[PDB]
């Protein structure tokens, strides 16, 4: 045989079989295979990787080398011809709040992160990849097609660095290249606590014995906590306004400041940890700092699991929810809890749910000041609009009262992401998330659309007429055939997102299958699943059943009017109630009696 386990990186398996709490790394969840679901290991392969050279080089790397007899089209040309639209009118989701989009990004960041390889440390190809657009090693530039307006204003290419891969990065490995998942595959609030012991300790307040997370000591939100600043340079949150000089936040996850509403959600979860820890200290004054942090951490993880599986997944998967995620039947230690490489592209359906603007709303849910509504691109790596523009509350009102973008076959990704994305160290609001997604599919050796259709037991269209029937769209099928030539070559991100949405859902059949299977595994394969008998007492579970995003807002802001169903499209004041009428989390079942 060949390498049965290339695990030279992170070989430390020191598991306490008795511990009632998760590790920060995800190790020790599975007793028989303790690294399963742990951070800093390979993404799972549900199907074999598909590279140009069978091992590592992406389809599209070598100009002459076809996929199935056809050249793969430029990611940016696919973005321009299929993904782009001008008219934002009529694009909003009449039955999903903006919080529906934002929760999807939060869950995705809990589950997976494939960071760009670190060969840019005091390196030219950091700026040389950008400067000279020369493909090589980890530089895999997104080249502009001839008619691209960006060819006129931005040079020959958008820089793009190949994702990190296991059995270290600069040299070869054991058959095909496997990209890393840098976070824990468990739905475990790793995005609040970190997936690495160093970060996890840095985020804690070890000054007091109260099991608190560290909070900003330079700025307060009407006496409510902010995340600490990340005091490291260069900072993209500083770069986007050098007058305000407000740094990025430091959170459990590297990406927390990518946009202002992610930073907002991260702020609510930090507040909630410190709140739970304070309540537990009252009930159990005998509890030390560690105990308080672990018990609060375990409650926040449960909160995230319930909102996700009870409130969010049903209104993503629609009719397909029951097919893929049956009612829970307990922990199955034969289930692979690892996030799959393909899932990390399937969950990018959220890119098509991001609308072009973000609003700040006042306490009457009316525009907050003269520039209440802002273009999303001005809010990438933007903490100063929080610190110096009325805190998170007006943004949280926006999350409740404003709508997600609806996916549309003729209006896929707003230009705010498709033409104006800002990437750290790159200096301009000029990148294309759609093109990045297609290039990344190829970077990760993704099987094409029809391989995934076959994996999901769905038809594999071979012709224009077959693709028209699957997509229920003749113009969309024609553009995809003109670019790809055969449906076998369609990159999974665009092919899954092109399918019309399932009844009561927000993704098509192929994505429902891939997402559904992944979520089934992360629940069934988790020893610490909130509803796994023994994790919580039956009384704790009866209290946990009452959590809501609504209560989270009431407890962790100066917002007093909230909807009951925060992911539905809700209009003020008709759909809003006082916080008074909203179920609280009763922590009394956490009262710990030895005497």
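For the two forms, the rigid core is made up of the largest set of C-alpha atoms that agree within 1.5 Å on superposition. Positions refer to the first chain, counted from 1.
Student: Between 82-90 and 165-173, which has its CA atoms farther from the current form in 9 other deposited structures of this protein, using a rigid core superposition?
Tutor: Between 82-90 and 165-173, the one lying farther away in 9 other deposited structures of this protein is 165-173.
Student: Using the rigid core for superposition, please say which stretch has the greater CA deviation in 9 other deposited structures of this protein, 238-246 or 122-130.
Tutor: Clearly, after the core fit, the stretch farther away in 9 other deposited structures of this protein is 122-130.
Student: Got a sec? Mean C-alpha B-factor, which is higher, 338-346 or 473-481?
Tutor: Of 338-346 and 473-481, the stretch with the higher C-alpha B-factor average is 473-481.
Student: Is the mean CA B factor in the deposited entry higher across 522-530 or across 541-549?
Tutor: Mean CA B-factor is higher for 541-549.
Student: Choose from 134, 299, 187, 191 the residue with the greatest Cα B-factor as stated in the PDB record.
Tutor: That would be 134, according to the entry.
Student: Just to confirm, going by the entry's C-alpha B-factors, which of 257, 97, 217, 195 comes out highest?
Tutor: When the deposited C-alpha B-factors of 257, 97, 217, 195 are compared, 217 is largest.
Student: Rank-wise, by C-alpha B-factor, drop residue 378 into the lowest, middle or highest third of its chain.
Tutor: Its C-alpha B-factor, which the entry lists for residue 378, ranks in the middle third among residues of this chain.
Student: Going by the CA temperature factor in the PDB record, which third of the chain does residue 123 belong to: lowest, middle or highest?
Tutor: For residue 123, whose C-alpha B-factor we compare with every modelled residue in the chain, the answer is the highest third.
Student: Using the B-factors in the PDB entry, rank residue 565's C-alpha atom against the chain and give the third, lowest, middle or highest.
Tutor: For residue 565, the deposited C-alpha B-factor lands in the middle third.
Student: Considering every modelled residue of the chain and its Cα B-factor in the PDB entry, is residue 159 in the lowest, middle or highest third?
Tutor: Tercile = middle for this residue's CA B-factor.
Student: Sorting the chain's modelled residues by C-alpha B-factor, tell me whether residue 165 ends up in the lowest, middle or highest third.
Tutor: Residue 165: CA B-factor falls in the middle third of its chain.
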